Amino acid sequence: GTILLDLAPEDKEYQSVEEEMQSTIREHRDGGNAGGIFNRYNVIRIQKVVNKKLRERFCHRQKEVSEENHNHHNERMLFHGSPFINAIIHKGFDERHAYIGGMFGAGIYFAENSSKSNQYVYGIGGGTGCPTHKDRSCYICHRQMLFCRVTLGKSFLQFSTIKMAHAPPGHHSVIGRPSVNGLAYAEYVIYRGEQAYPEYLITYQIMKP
């Protein structure tokens, strides 16, 4: 039931998304190992993901969370990267595919920094990089990430690794927060797929500095 609406680069909605993507790039602690060395993307395409059933599921859950959290669903626009974008835009996020070994356990991970999500596009820690050149810093091959609506509800703030299966009691999400001698950039984790909607599909390259 998914329809992808291609946005014209002249569209202000396209430009809004690209601006968020470009302006949230950060220098990463790993010197570029996972996601590559760049300070700018070349955006190839931005598509709006239209899926009535997925939207219904997302909205139903958002209403529940809102009622459970003093009428604040705390929706945030956040980036997601993984090798599973094609499945996500058709069937949604599915925590049954999330396993307990992750830094914050069996959840679906999002970032406020696009360059953090870019570290996951080819796998955890960038995997082995692009299929053709096996280069995590490939400047040739195309990449995709999502810019998603994410229902956070009441977030549990976590500063170090804790492998949990579900949000803590009374909460709807976990935020891995920067701390001294800890994380550098925030990571946002939900443990129910229906708390995210894959609003925008971005096709891009990283650019060589």
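All residue numbers refer to positions in the sequence shown, first residue = 1.
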property	result
Residue 39 not built in a third or more of the other entries	no
Residue 180 dropped from a third or more of the other entries of this protein	yes
Stretch with the higher entry mean CA B-factor, where the candidates are 107-115 and 69-77	69-77
Mean temperature factor over C-alpha atoms, higher-scoring stretch between 136-144 and 25-33	25-33
Candidate residues 166, 52, 149, 171, the one whose C-alpha B factor the record puts highest	52
Chain-wide C-alpha B factor ranking for residue 175, given as lowest, middle or highest third	lowest
Entry-reported Cα temperature factor of residue 16, expressed as the chain third it lands in	highest
Chain thirds of CA B-factor: placement of residue 127	middle
Entry-reported Cα temperature factor of residue 100, expressed as the chain third it lands in	highest
